[PDB]
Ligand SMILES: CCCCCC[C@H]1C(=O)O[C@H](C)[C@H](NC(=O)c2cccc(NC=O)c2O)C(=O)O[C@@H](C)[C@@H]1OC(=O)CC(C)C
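Before any questions on how it binds or moves, here is one chain, the form deposited without the ligand, in structure tokens.
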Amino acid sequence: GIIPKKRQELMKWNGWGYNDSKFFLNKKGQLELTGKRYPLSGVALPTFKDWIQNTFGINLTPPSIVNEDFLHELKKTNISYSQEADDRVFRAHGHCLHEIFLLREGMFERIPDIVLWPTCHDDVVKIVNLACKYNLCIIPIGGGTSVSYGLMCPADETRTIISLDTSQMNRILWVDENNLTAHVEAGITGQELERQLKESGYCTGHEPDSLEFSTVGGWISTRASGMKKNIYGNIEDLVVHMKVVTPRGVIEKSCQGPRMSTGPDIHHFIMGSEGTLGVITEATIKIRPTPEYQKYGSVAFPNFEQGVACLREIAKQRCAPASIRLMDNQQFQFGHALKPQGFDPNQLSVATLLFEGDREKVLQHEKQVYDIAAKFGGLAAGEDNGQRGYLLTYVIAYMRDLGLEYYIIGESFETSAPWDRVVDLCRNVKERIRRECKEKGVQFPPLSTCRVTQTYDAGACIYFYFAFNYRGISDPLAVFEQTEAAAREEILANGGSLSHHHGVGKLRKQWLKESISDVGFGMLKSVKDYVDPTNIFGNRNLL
């Protein structure tokens, strides 16, 4: 689960995930994931082609500019580095639709000049000192899974850009079994973190969909949320200590107390800072005994609003399972179409459930959730509709690359909102997307779908997928990017936030001042200007 230095030997240079995993038609004419990595790898999907054809109407480098004296001092440190075109281009992007285009079909305007692979905190201190001495710009990179343009190099940045790659700084340093805390280097991936903890009988439970590649430091930088936050917390509840290298010096608290009142919480000044302040090198995270048992479930509702009302009541009774997601009809069908073999079926909606903990407790909780559900017309729909909509989740981004081969472009986007705004926001956003697409000359009605993906006391996270068959469309990116920007306007007009988890990066910068207020924005600026006065950390995210 360690990312090798030459990423492209294992990962796709032009898309998501591993080289050995891509959808193909098997010898029975049916979509199938290549390779052996996933529970769905090698599993025929006999209705997936039918669903895709129905849904979309288809048949089926810049030179390296680097100071010689800097390079001389770098050689003395014995830190590994590269000026090769493939290494630099690989770290010049995340996973936004726009970037993945430039990467398949052209070239970016600016890419890092040099890649460095520090293996520890001290190496990071060396590199930030060199950047001060030689006037260099640093863009940190972990998993490279940003969906906010947070890795894109500014077109007019004229300094040498270092891509400071954290993927070789990836060890668990200590596991404290008395306090259930693990102290880890920040380049460790979710997958490798969980694998090594599980050999001791522990987990963190933090499971964002990008966990095979995304890193501890990246989660802290972007305020990451994982599928099971209902039991384990999101990144801000999980982290108890961190250590950060900035050009001003090293930020670290002197104790590992679980909660303190010692002024404004400086951990919150670093969480969500998106690579703009320094490098998070190590963090202490809460750990838990691995649960004894897991069960998936699902519930059908006669429509979406009944489902949303049921999720709301579950959150009011504070008895959410490990994960509870509510899919609208299109998303459900997407799922139903993906099996390996009453209620009006047009508005019929489906919640998927995941329970984990002790066997006897799990089965007791499962009963309670189905009883709350019955009050809203909800009927149990089975583990496999459950089991499968969550085996599904690590594969959806492999589907996006398949669409591009067939002239389909799609992206997801998200928001959080008060409970009382969820139904209208979902309906109005989906309709805004349909309206814009028609107005922009999109021939076929787009895929425009939502799910409720997390529940909170005060409201929910809502996740949208938007995609269309771009047949007969001149400029399919510009249509798509205008339509995304429009949906965000619609989100914010309906009381939703700028982002629940993806973050702001450079994609949503233009709305930030309005979201956090002028003085709010002025405060983020003031911390930046103190900690990094010469803007070494210049990816220009946020501000």
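Heads up: residue numbers just count along the shown sequence, starting at 1.
There is another form of the same protein, the form deposited with the ligand bound; it is not shown, and what comes next is about it.
Site status: blocked, since the ligand, placed here by C-alpha superposition from its pose in the deposited complex, has 3 or more atoms within 2.4 Å of backbone or C-beta atoms. With the partner omitted from this view, the residue of 473, 89, 447, 153 that lies near the ligand in the deposited complex is 447 [heavy atom within 4.5 Å].
With the partner removed from view, the residue among 467, 287, 300, 314 that has a non-hydrogen atom within 4.5 Å of the ligand in the deposited complex turns out to be 467. Although the partner is absent here, residue 411 sits close enough that one of its heavy atoms falls within 4.5 Å of the ligand in the deposited complex. Put simply, residue 389 is close to the ligand in the deposited complex: some heavy atom of it is within 4.5 Å. Residue contact check for residue 393: one or more of its heavy atoms lie within 4.5 Å of the ligand in the deposited complex. The shortest heavy atom separation between residue 321 and the ligand in the deposited complex exceeds 4.5 Å. The stretch in contact with the ligand in the deposited complex, judged by heavy atoms within 4.5 Å, is 327 to 335, chosen from 362 to 370, 127 to 135, 327 to 335, 429 to 437.
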